[PDB]
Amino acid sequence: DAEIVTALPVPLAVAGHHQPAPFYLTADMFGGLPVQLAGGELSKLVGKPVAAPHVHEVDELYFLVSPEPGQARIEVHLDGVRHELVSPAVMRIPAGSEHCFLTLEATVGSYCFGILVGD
């Protein structure tokens, strides 16, 4: 009686996001999780932001990964300051900070995941 979730992703609305964001871990799974995890492969998102600047009441981590280092690059806007992230990278967005990301470069198999940390 293993617990398996395959009805994925779970689309959930997130502030300032044009479309519901694709979640792979949500806070209610498996009796309750201390994180939520959303994101996707970036190869078709180059130049196309998924959201306008937005604020969360929880910390969010951007996790940028690609098969080979350097194959993915995003620009993170953090309270009006721009930061370039190169795969592999993890960036913490403190709760209350206005932020969003723009994909600069991405191969097939490049991902950015946003990990909401449950406080």
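Residue numbers run from 1 along the displayed sequence. Under this definition, the rigid core comprises the largest set of C-alpha atoms superposing within 1.5 Å between the forms.
Displacement analysis by core superposition in 5 other deposited structures of this protein ranks 50 to 58 above the other of 84 to 92 and 50 to 58 in root-mean-square C-alpha distance from the shown form. In the record comparison, residue 15 is unmodelled in at least a third of the other entries of this protein that model the residues flanking it. Each of 106, 95, 102, 25 has a CA temperature factor in the record; the biggest one is found at 95. In this entry, the residue among 8, 115, 112, 2 with the greatest C-alpha B factor is 2. Residue 73: CA B factor in the lowest third of modelled residues in this chain (values from the PDB entry).
Per the PDB record, residue ranking by Cα B-factor puts residue 46 in the middle third of the chain. Placement of the Cα temperature factor of residue 29 within the chain: highest third of the modelled residues, per the deposited record. Split the chain's modelled residues into thirds by C-alpha temperature factor. Residue 40 is in the middle one. Ranked within its chain, residue 88 lands in the lowest third, by CA B factor from the PDB record.
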